[PDB]
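**Student:** PDB, C-alpha atoms, file work_29.pdb:
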ATOM      1  CA  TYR A   2      22.314  57.267 -37.091  1.00  0.00           C
ATOM      2  CA  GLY A   3      21.967  53.794 -35.649  1.00  0.00           C
ATOM      3  CA  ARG A   4      19.923  52.728 -32.660  1.00  0.00           C
ATOM      4  CA  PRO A   5      20.525  54.989 -29.647  1.00  0.00           C
ATOM      5  CA  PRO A   6      20.611  53.378 -26.198  1.00  0.00           C
ATOM      6  CA  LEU A   7      17.478  53.416 -24.083  1.00  0.00           C
ATOM      7  CA  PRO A   8      17.347  56.593 -21.977  1.00  0.00           C
ATOM      8  CA  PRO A   9      17.563  56.423 -18.185  1.00  0.00           C
ATOM      9  CA  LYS A  10      14.244  56.869 -16.397  1.00  0.00           C
ATOM     10  CA  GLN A  11      14.407  59.798 -14.012  1.00  0.00           C
ATOM     11  CA  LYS A  12      11.339  58.667 -12.007  1.00  0.00           C
ATOM     12  CA  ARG A  13      10.712  62.083 -10.437  1.00  0.00           C
ATOM     13  CA  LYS A  14       7.463  62.692  -8.597  1.00  0.00           C
TER
ATOM     14  CA  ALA B   1      -3.567  65.363 -31.142  1.00  0.00           C
ATOM     15  CA  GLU B   2       0.201  64.971 -31.266  1.00  0.00           C
ATOM     16  CA  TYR B   3       1.584  61.842 -32.923  1.00  0.00           C
ATOM     17  CA  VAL B   4       4.965  60.136 -33.202  1.00  0.00           C
ATOM     18  CA  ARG B   5       6.269  57.343 -35.419  1.00  0.00           C
ATOM     19  CA  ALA B   6       8.355  54.496 -34.014  1.00  0.00           C
ATOM     20  CA  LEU B   7      11.858  54.329 -35.499  1.00  0.00           C
ATOM     21  CA  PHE B   8      12.555  50.943 -33.856  1.00  0.00           C
ATOM     22  CA  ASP B   9      10.828  48.082 -32.100  1.00  0.00           C
ATOM     23  CA  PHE B  10      10.436  48.671 -28.344  1.00  0.00           C
ATOM     24  CA  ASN B  11       9.662  45.476 -26.428  1.00  0.00           C
ATOM     25  CA  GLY B  12       9.492  47.371 -23.137  1.00  0.00           C
ATOM     26  CA  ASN B  13      10.893  46.294 -19.786  1.00  0.00           C
ATOM     27  CA  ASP B  14       8.684  47.602 -16.967  1.00  0.00           C
ATOM     28  CA  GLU B  15       4.963  47.311 -16.264  1.00  0.00           C
ATOM     29  CA  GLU B  16       4.427  51.009 -17.081  1.00  0.00           C
ATOM     30  CA  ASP B  17       6.027  50.767 -20.554  1.00  0.00           C
ATOM     31  CA  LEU B  18       4.013  50.686 -23.780  1.00  0.00           C
ATOM     32  CA  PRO B  19       5.599  48.214 -26.231  1.00  0.00           C
ATOM     33  CA  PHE B  20       5.411  49.094 -29.915  1.00  0.00           C
ATOM     34  CA  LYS B  21       6.708  48.020 -33.316  1.00  0.00           C
ATOM     35  CA  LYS B  22       8.836  49.908 -35.838  1.00  0.00           C
ATOM     36  CA  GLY B  23       6.596  52.159 -37.920  1.00  0.00           C
ATOM     37  CA  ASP B  24       3.709  52.303 -35.443  1.00  0.00           C
ATOM     38  CA  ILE B  25       1.959  55.635 -34.992  1.00  0.00           C
ATOM     39  CA  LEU B  26       1.489  56.564 -31.318  1.00  0.00           C
ATOM     40  CA  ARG B  27      -0.510  59.398 -29.791  1.00  0.00           C
ATOM     41  CA  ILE B  28       1.253  61.457 -27.128  1.00  0.00           C
ATOM     42  CA  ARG B  29      -0.840  61.950 -24.006  1.00  0.00           C
ATOM     43  CA  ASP B  30       1.647  63.880 -21.870  1.00  0.00           C
ATOM     44  CA  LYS B  31       5.366  64.407 -21.293  1.00  0.00           C
ATOM     45  CA  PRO B  32       6.306  63.718 -17.657  1.00  0.00           C
ATOM     46  CA  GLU B  33      10.042  63.908 -18.418  1.00  0.00           C
ATOM     47  CA  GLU B  34      12.339  64.764 -21.305  1.00  0.00           C
ATOM     48  CA  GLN B  35      13.127  61.250 -22.568  1.00  0.00           C
ATOM     49  CA  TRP B  36      10.026  59.267 -21.544  1.00  0.00           C
ATOM     50  CA  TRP B  37       6.533  60.258 -22.644  1.00  0.00           C
ATOM     51  CA  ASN B  38       3.118  58.809 -21.847  1.00  0.00           C
ATOM     52  CA  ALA B  39       1.618  57.521 -25.097  1.00  0.00           C
ATOM     53  CA  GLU B  40      -1.399  55.607 -26.394  1.00  0.00           C
ATOM     54  CA  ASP B  41      -1.524  53.007 -29.148  1.00  0.00           C
ATOM     55  CA  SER B  42      -4.206  52.310 -31.736  1.00  0.00           C
ATOM     56  CA  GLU B  43      -5.715  49.659 -29.438  1.00  0.00           C
ATOM     57  CA  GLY B  44      -6.197  52.210 -26.645  1.00  0.00           C
ATOM     58  CA  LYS B  45      -3.358  50.886 -24.502  1.00  0.00           C
ATOM     59  CA  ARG B  46      -1.226  53.430 -22.640  1.00  0.00           C
ATOM     60  CA  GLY B  47       2.267  53.585 -21.238  1.00  0.00           C
ATOM     61  CA  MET B  48       5.751  55.021 -21.245  1.00  0.00           C
ATOM     62  CA  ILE B  49       7.763  55.248 -24.463  1.00  0.00           C
ATOM     63  CA  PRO B  50      11.434  56.201 -25.000  1.00  0.00           C
ATOM     64  CA  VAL B  51      11.598  59.491 -26.881  1.00  0.00           C
ATOM     65  CA  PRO B  52      14.879  58.660 -28.721  1.00  0.00           C
ATOM     66  CA  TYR B  53      13.017  55.789 -30.400  1.00  0.00           C
ATOM     67  CA  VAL B  54      10.390  57.986 -32.078  1.00  0.00           C
ATOM     68  CA  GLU B  55      10.099  60.783 -34.646  1.00  0.00           C
ATOM     69  CA  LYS B  56       7.464  63.504 -34.927  1.00  0.00           C
ATOM     70  CA  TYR B  57       4.664  62.306 -37.218  1.00  0.00           C
ATOM     71  CA  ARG B  58       2.499  64.853 -39.010  1.00  0.00           C
TER
END
Would you mind giving the structure from this file in structure tokens?

**Tutor:**
Amino acid sequence: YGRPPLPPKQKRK
Amino acid sequence: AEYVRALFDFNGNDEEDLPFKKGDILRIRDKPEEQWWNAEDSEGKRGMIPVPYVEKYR
């Protein structure tokens, strides 16, 4: 499976 | 409570993040977005954790 990349932060209010 | 287990180390990057170590059990406080949840560690510290780095723990 490996190490998936860090997800983007959507930063919605 | 809902718990997750860390699949990897997460050093964190931003002030709001909650760093953790592989194998740690974290409590989920809430889920403000799909891939970042607000969690709490065994020391009572709180912050954002990347959902792809954890597994449900039951």

**Student:** May I have the residues of chain A within 7 Å of chain B, counting only C-alpha atoms, written as a list in words?

**Tutor:**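 Only these qualify: residues 5, 7 and 8 of chain A.
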
**Student:** For residue 28 in chain B, which residue out of B:47, B:9, B:2, B:41 is the nearest one, using all atoms listed in the file?

**Tutor:** B:2

**Student:** In Å, with one decimal, what is the gap from CA of residue 37 in chain B to CA of residue 11 in chain B?

**Tutor:**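 About the pair CA of residue 37 in chain B and CA of residue 11 in chain B: they are 15.6 Å apart.
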
**Student:** Kindly give the distance, in Å, that separates CA of residue 6 in chain B and CA of residue 14 in chain A, rounded to a single decimal.

**Tutor:** 26.7 Å

**Student:** At what distance in Å, to one decimal, does CA of residue 4 in chain B lie from CA of residue 46 in chain B?

**Tutor:**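 Taking CA of residue 46 in chain B and CA of residue 4 in chain B, their separation equals 14.0 Å.
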
**Student:** Between B:5, B:14, B:38, B:29, which has the minimum distance to residue 55 in chain B (counting all atoms listed in the file)?

**Tutor:**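 Checking each of B:5, B:14, B:38, B:29 against residue 55 in chain B, counting all atoms listed in the file, the winner is B:5.
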
**Student:** Can you work out which one of B:3, B:30, B:16, B:45 has the shortest atom-to-atom distance to residue 10 in chain A, counting all atoms listed in the file?

**Tutor:** B:16

**Student:** I need the residue nearest residue 4 in chain A from this list: B:15, B:22, B:43, B:58. Use all atoms listed in the file for the distance.

**Tutor:** B:22

**Student:** For residue 42 in chain B, list every protein, DNA or RNA residue within 9 Å, evaluated using all atoms listed in the file, and leave out those in the same chain fewer than 6 positions away; present the list as a ChimeraX atom specification.

**Tutor:** /B:24-27
